[PDB]
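*Asks:* My sequence and its experimental structure, below.
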Amino acid sequence: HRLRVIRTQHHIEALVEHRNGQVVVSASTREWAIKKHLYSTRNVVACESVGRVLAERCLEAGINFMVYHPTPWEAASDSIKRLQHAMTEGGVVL
Amino acid sequence: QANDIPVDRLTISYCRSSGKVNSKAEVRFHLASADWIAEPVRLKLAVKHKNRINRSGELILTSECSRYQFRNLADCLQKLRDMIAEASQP
Amino acid sequence: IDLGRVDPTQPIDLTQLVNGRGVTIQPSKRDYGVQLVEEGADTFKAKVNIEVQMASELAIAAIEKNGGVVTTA
Amino acid sequence: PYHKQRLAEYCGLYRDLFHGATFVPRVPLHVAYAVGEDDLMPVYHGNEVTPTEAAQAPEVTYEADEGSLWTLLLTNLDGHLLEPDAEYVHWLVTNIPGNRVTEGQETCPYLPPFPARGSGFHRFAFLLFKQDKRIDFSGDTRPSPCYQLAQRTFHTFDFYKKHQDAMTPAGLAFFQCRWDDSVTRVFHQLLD
């Protein structure tokens, strides 16, 4: 399984896709910003939030051993680091 | 651990096939009714080795290597000796 | 044994096996030994003595199991 | 919101759900297994738990209304000893006031899971329907803790469609379950 994360100027999304192209599960900024009334502007805290969300949902769906492949340049950013931090904090094994 | 492995107390069944020619040996006996095994070793076999245990019978093991009967039977008894030895003490 | 050949222990030997046309001639083979490779040994007949140079493990096993005697020279 | 995620989770994994024609749930069902001081929560669909804690009656809470009638079901398919498309239903309860199960009439009492060896992960489904009025079920068997043939051939399209057209698949739930060491004892109980 792979983790495709699209970071934008406003929100940031994280998608999990099966080999057939179908989405196993997804966690974005907007919907959970409507639900939890959390800050809608892109932040590392928000990334941690949706990271813990995606974590929980993947754990409830029984999704383990997920592959995360960020672009080589921005992979050193604090946001992605705390994304992998929030993901690993869920108890998953990369 | 034991040595002699008193077969007369156990039950032996043979199953052969045709096609590679294979001779399969099967040994079945009651664990709790065995007086040739030590007290903790028995209960140990009833737990750790329970994978080989069924509701209708206690210990059933099958082995096939050589075309001969008592060779595979000796393999079975050897497996018994190993399970007993590992149950008793390392 | 099933051909009705010689039963008793004493006369049995390689020579008797030669007379029974059940042996392989080895004129070009120097220092010829005799070995036994196991096969067709399931539920074979009992009380038969065999004298050979060197017998394999499973051969001695098979023979001794049914009560036979293995003579190693 | 949560609904669309439940839809994508429902129709995005198991094909047997489409074979049963059961529509995607709009209802937020919450199921919680309570055993001793330990609580195992299936929550979202596709959770993985052991049959050990699944051997007891769980707790079903979704938007409780005690002036209304509901229908609770729990089914599983390992395919068992028979050809595919045959469904195995562990629990059937009808005429349930509110979310309280004890007040509901139990047609098919709860049967703890008994998966085979090397059979993989099994789909366990909680099907919850709405009732316009009490539906009398006649011809249906009255099962015991040990029974076989009556539990099988329960497949949805020949049951949910034919028997009751007034029952809409409001609530739904799913969890996956596999083989454990407690199967042998259950099988021993089934052979007696």
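*Replies:* Done, it's in. Residues are numbered from 1 along each chain as shown, chains lettered A, B, ... in the order given.
*Asks:* so residue B:72, which of the three states?
*Replies:* helix (DSSP: H, G, I helix; E, B strand; the rest coil).
*Asks:* ugh, typo on my part, it should be residue B:43
*Replies:* helix.
*Asks:* Number of residues surrounding it?
*Replies:* Using other Cβ atoms under 10 Å in any protein chain shown, residue B:43 is surrounded by 14 other residues. No exception for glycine: its C-beta is placed from N, CA and C like everyone else's.
*Asks:* any idea how far residue B:3 is from it?
*Replies:* Note on residue B:43: its distance to residue B:3, by Cβ to Cβ, to the nearest Å, is 21 Å.
*Asks:* repeat for residue D:37
*Replies:* Distance from residue D:37 to residue B:3, by Cβ to Cβ: 49 Å.
*Asks:* Who's the closest spatial neighbour of residue D:152, skipping the chain neighbours?
*Replies:* residue D:86 (5.0 Å; Cβ to Cβ, 6 or more residues apart in numbering or on different chains).
*Asks:* Just confirm residue B:12 contacts residue B:25, I think it does.
*Replies:* Yes. At 7.2 Å, residue B:12 and residue B:25 qualify as touching, with contact defined as Cβ atoms under 8 Å.
*Asks:* Between these two, which is the more surrounded one?
*Replies:* residue B:25 (25 against 15).
*Asks:* Quick check: that one vs chain D, distance?
*Replies:* 23 Å (Cβ to the nearest Cβ, to the nearest Å).
*Asks:* Partner strands of the helix or strand where that residue lies, with direction?
*Replies:* Following DSSP states H and E, one finds residue B:25 within strand B:22-29. The pairing partners recorded for strand B:22-29 under DSSP bridges are strand B:11-17 (antiparallel), strand B:59-63 (antiparallel).
*Asks:* Go through the ones you listed and name the closest to residue A:8.
*Replies:* strand B:59-63 (62.5 Å; Cβ to Cβ).
*Asks:* in that closest one, what's buried?
*Replies:* Using 16 or more other Cβ atoms under 10 Å in any protein chain shown as the test for burial, strand B:59-63 gives B:59, B:61-63.
*Asks:* if we look at that strand, which residues are touching it?
*Replies:* B:15, B:24-31, B:45, B:49, B:52-54, B:72-73, B:75-76, B:79-80 (Cβ atoms under 8 Å, 6 or more residues apart in numbering or on different chains).
*Asks:* Now a ChimeraX select for only the buried ones of those residues.
*Replies:* Buried residues among the contacts of strand B:59-63 (16+ other Cβ under 10 Å), as a ChimeraX selection:
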select /B:25,26,27,29,31,45,49,53,72,73,75,76,79,80
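*Asks:* what is the residue nearest to the spatial centre of chain D paired to in the beta sheet?
*Replies:* Central residue of chain D (Cα atoms, centre = their mean): residue D:74, 1.3 Å from the mean position. Using DSSP bridges, the bridge partners assigned to residue D:74 are residue D:91, residue D:126.
*Asks:* Make CSV out of the strands paired with strand B:22-29 and add distance to residue C:63.
*Replies:* Output for those, formatted as CSV (distance: least, Cβ to Cβ, whole Å):
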stretch, distance to residue C:63
strand B:11-17, 20
strand B:59-63, 23
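*Asks:* The closest residue in space to residue B:72 that isn't next to it in sequence and residue C:27: what is the separation?
*Replies:* Leaving aside its chain neighbours, residue B:72 sits nearest to residue B:25 (3.7 Å; criterion: Cβ to Cβ, 6+ apart). As judged by Cβ to Cβ, residue B:25 and residue C:27 stand 44 Å apart.
*Asks:* Which neighbouring elements make contact with the longest helix seen in chain C?
*Replies:* Assignment by DSSP state H gives helix C:57-65 as the longest helix of chain C. Packed against helix C:57-65 by the contact rule (3 or more Cβ pairs under 8 Å, 6 or more residues apart in numbering or on different chains; DSSP states H and E) you find helix B:69-88, strand C:69-72.
*Asks:* just to revisit the earlier point, out of the buried residues of strand B:59-63, flag the one nearest to residue D:70.
*Replies:* Distances from residue D:70 to these, taken by Cβ to Cβ, are shortest for residue B:59, at 50.2 Å.
*Asks:* residue in chain A nearest to chain C?
*Replies:* residue A:65 (48.7 Å; Cβ to the nearest Cβ).
*Asks:* list the contacts for that residue?
*Replies:* Contacts of residue A:65 (Cβ under 8 Å, 6+ apart): A:1, A:92-94.
*Asks:* Just flag the most distant two among these.
*Replies:* Pairwise over the contacts of residue A:65, using Cβ to Cβ, the maximum falls at A:1 and A:93, 12.4 Å.
*Asks:* More neighbours: which of those two?
*Replies:* The neighbour comparison of residue A:1 against residue A:93 (other Cβ under 10 Å) goes to residue A:1, with 15 against 7.
*Asks:* right, and that one touches residue A:61 too?
*Replies:* No. Under the criterion of Cβ under 8 Å, residue A:1 makes no contact with residue A:61, lying 10.4 Å away.
*Asks:* Residue 21: how many residues sit nearby?
*Replies:* This is for chain A. Neighbours around residue A:21, by other Cβ under 10 Å: 6.
*Asks:* I was thinking of chain C, sorry if that wasn't clear
*Replies:* 6.
*Asks:* Over to residue A:60?
*Replies:* Using other Cβ under 10 Å: residue A:60 sits among 19 other residues.
*Asks:* Which residue is the nearest non-sequential neighbour of it?
*Replies:* Residue A:60's closest residue in space is residue D:44 (Cβ to Cβ, 6+ apart), at 4.0 Å.
*Asks:* Quick one: residues contacting whichever residue of chain B sits closest to chain D.
*Replies:* Proximity of chain B to chain D (Cβ to the nearest Cβ) peaks at residue B:55, 4.2 Å away. Applying Cβ under 8 Å, 6+ apart to residue B:55 gives the contacts D:184, D:187-188, D:191.
*Asks:* Could you do residue B:85 as well?
*Replies:* residue B:1.
*Asks:* any idea how far chain A is from it?
*Replies:* With Cβ to the nearest Cβ as the criterion, residue B:85 and chain A are 36 Å apart.
*Asks:* And residue D:114, by the same measure?
*Replies:* 21 Å.
*Asks:* so what does the lengthiest helix in chain A touch, helix or strand wise?
*Replies:* Ranked by residue count, the top helix of chain A under DSSP H comes out as helix A:44-60. Helix A:44-60 sits against strand A:12-17, strand A:23-27, helix A:29-35, helix A:78-88, with contacts defined as 3+ Cβ pairs under 8 Å, 6+ apart.
*Asks:* Pipe the ones you listed into JSON lines and attach mean neighbour count per row.
*Replies:* Formatted as JSON lines, the helices and strands packed on helix A:44-60 follow (neighbours: other Cβ atoms under 10 Å in any protein chain shown):
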{"stretch": "strand A:12-17", "mean neighbour count": "19"}
{"stretch": "strand A:23-27", "mean neighbour count": "19"}
{"stretch": "helix A:29-35", "mean neighbour count": "16"}
{"stretch": "helix A:78-88", "mean neighbour count": "17"}
